[PDB]
């Protein structure tokens, strides 16, 4: 049996994360001061007689600084009051910010708040083109539209053209903030990534910065960073101990990248168990994916697929030695999950993730069959298989495992492929297909998404890619609509799904394949989030 020649780049990081011993003195000192700062900030939030603009700016700043997770109740109360008071006497900057904050928190504020800034045709008044803070906040708001907000159809184009025009002559750090926003909007960014940028590059350099908030943000970020490093060390040791790097050498060695993805799903300390469980799943399914894509024979993949469906250690017999390796590891991992959720009485929920993994593997095999037969399915058939091979139904399901408040009812909701989940999955599917078309086409994958699209509609590669981009935009509008109250499950269980979509936008930014090539997109984020602390 002739195996393919391995072509995955080695891990970028070596052993540098393998060992992290926390400085307890420093961590304790940080936590003590943060408690004081937190109380000071709580009082800023609860101050009476603040103007609307000031209140919104404060909330926005605390959110961008990445410390809003300390104040979920205070912020929710304040935003609810603003929503219900329904004010109208504002300028563009305040109106756009108000719209964005409320929509992001699920308050369905009417887009009619923008009508006073438009002519008779719903086009934004170009007389506003010299209002940079207005344009910036309009730009950010334009990304949180639903299908009911066609009033705002012009907002992105309008704000973009005039921010571009103004940017080179703007004062710092406003120039840098505008330039950054044009590359990466806030709503679609990974929260810890945007927080790292905002604290260090913008807020630290604002003449009018509040020193209490800045110090709070820096200490909180660096203290949470200590937790993250501890987690990654624990996961790095778990990975090293499995030693796939040598027993399964055809496979990617990307546990640090998997950790970054888990960190994007949630960064808060209370999701520590959830993060570690999630990264282990992302690592393990990555192995499976590599086995289907670039090592296993048709015969081997069949047995593997069947073995996964039956989920029984007695099935190791039918597998080739190398396949035995990952199959036992997978079965052990889920046993570990069950064990880990035992003392909480939440062991029984692990079955939901297992069923989703079975689904992923079934569709990996279908994908293999298509490749082997040279089949190019219609788009509808393509998606019926290829949506699950994003692993995103599986990852969202996994993300709930370590969340202590997640109930069977939450898993029931998720199992029905609700709209917001389907949207996130679609975004991952079409953005990856656009970014990876040319390489996959080179390797003879005639059932890649864009190829299926081209043949089905009889259109060019350019036209197919535009169609796929449209599908992503529709999906983002569906995500935004899915956050609106009343929500079908607690918002806590929607945010991971939102964050999976954000991970897509960030990993494939500028249509780069940051998936297959870690150095291309992800390496600087990992350094900024997990190697370098923020200087105080």
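Rigid core here is just the name for the largest C-alpha set that superposes within 1.5 Å across the two forms. Residue numbers count along the first chain shown, from 1.
- The segment moving more, judged by mean Cα distance from this form in 7 other deposited structures of this protein after a core overlay, is 506 to 514 among 49 to 57 and 506 to 514.
- Once the rigid core is used to overlay the structures in 7 other deposited structures of this protein, the stretch among 83 to 91 and 282 to 290 whose CA atoms lie farther from this form is 83 to 91.
- Stretches 453 to 461 and 84 to 92 differ in mean C-alpha B factor, with the higher average recorded for 84 to 92.
- In this entry, 302 to 310 shows the higher mean Cα temperature factor of the pair 302 to 310 and 375 to 383.
- Of the candidates 100, 324, 352, 162, the PDB record gives 324 the highest C-alpha temperature factor.
- Comparing the C-alpha B-factors of 36, 58, 500, 27 in the entry, the top value falls on 27.
- Among the modelled residues of the chain, residue 251 sits in the highest third by CA temperature factor in this PDB entry.
- Per the PDB record, residue ranking by Cα B-factor puts residue 467 in the middle third of the chain.
- Ranked by Cα temperature factor within the chain, residue 510 sits in the highest third according to the deposited record.
- Among all modelled residues in its chain, residue 517 ranks in the highest third by Cα B-factor.
- Per the PDB record, residue ranking by Cα B-factor puts residue 179 in the lowest third of the chain.
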